[PDB]
Amino acid sequence: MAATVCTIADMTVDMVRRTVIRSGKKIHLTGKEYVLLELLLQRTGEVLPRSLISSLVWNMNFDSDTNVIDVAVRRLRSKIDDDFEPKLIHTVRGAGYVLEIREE
C-alpha cells in the first residue's frame with residue numbers, strides 16, 4: 001500500500017527513519033558515515049552526485065575534497081560491511097555513486 005521501507009538481500013533500509021537493519025541488527029556509524037548513507041539510502045535505486053553529499057558534511061565545491069566521500073564509503077564499508085553484507089557498493093561511470101545488491 002505505502003512506500004516507506006526498502007528491503008535488500010539481507011537488510012532493511014528506512015527512507016523515513018534513515019536506518020539500516022541487517023538481519024535484525026541496526027548498523028552503527030559516525031556523523032560523516034551517517035551522511036554518506038543518509039543520502040545513499042534516501043536516494044537508493046538511483047545514482048547521485050558527490051558534490052552534494054560532501055556538502056551535507058564538509059561543504060560543496062567544483063573540485064573534489066581529497067575524495068573523502070568515496071574513501072568514506074569504502075573505509076566505512078570495510079569497517080563492518082567487510083563481512084556483514086556483500087559488495088553492495090556500485091558506481092556508474094558518468095554519474096556518481098549508488099547502493100544496491102548484485103543478486104538483484
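Throughout, read-outs are computed from the coordinates displayed, never taken from laboratory work. Cβ sites come from the backbone with ideal geometry, for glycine too, and all protein chains shown count toward neighbours.
About the Cα centre of the range 65-104, what is the dipole size in debye to 20, counting +1 per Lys and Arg Cβ and -1 per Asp and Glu Cβ, all else neutral? Please report the intermediate quantities before stating the final value.
Values: 7 positive and 9 negative charges, 39 e Å.
Its charge dipole is roughly 180 debye.
Once you charge only the Cβ atoms, +1 for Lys and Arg and -1 for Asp and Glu, what is the size of the charge dipole of the chain about its Cα centre, to the nearest 20 debye?
Here the chain has a charge dipole of around 180 debye.
Would you grab the residues whose amide H sits under 5 Å from the one on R22? Only those 5+ places off in sequence or on another chain, please, with H modelled 1.01 Å from N.
For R22, the qualifying residues are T12, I27.
In nm, what is the difference between 0.36 nm times the number of residues separating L29 and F84 and their Cα-Cα distance?
18.4 nm
By counting other Cβ atoms within 10 Å of each Cβ, how are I53, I21 ranked from fewest to most?
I21, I53
Just flag the trypsin sites (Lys or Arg not before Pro) in the range 1-94 sitting in loop per DSSP whose Cβ has no more than 14 other Cβ atoms within 10 Å. Working shown, then result.
Working: sites: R17, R18, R22, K25, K26, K32, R43, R50, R74, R75, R77, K79, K87, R93; in loops: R17, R18, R43, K87, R93.
Taking the range 1-94 and a limit of 14 other Cβ atoms within 10 Å, the loop trypsin sites (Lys or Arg not before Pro) found are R17, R18, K87, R93.
I need the per residue convex hull volume for the chain, using only the alpha carbons, in cubic angstrom as a whole number.
113 Å³
Pick out, in residue order, every one of the chymotrypsin sites (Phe, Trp or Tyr not before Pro) in the chain that is DSSP loop and has at most 11 other C-beta atoms within 10 Å; say none if there are none.
Qualifying residues, ordered by number: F62.
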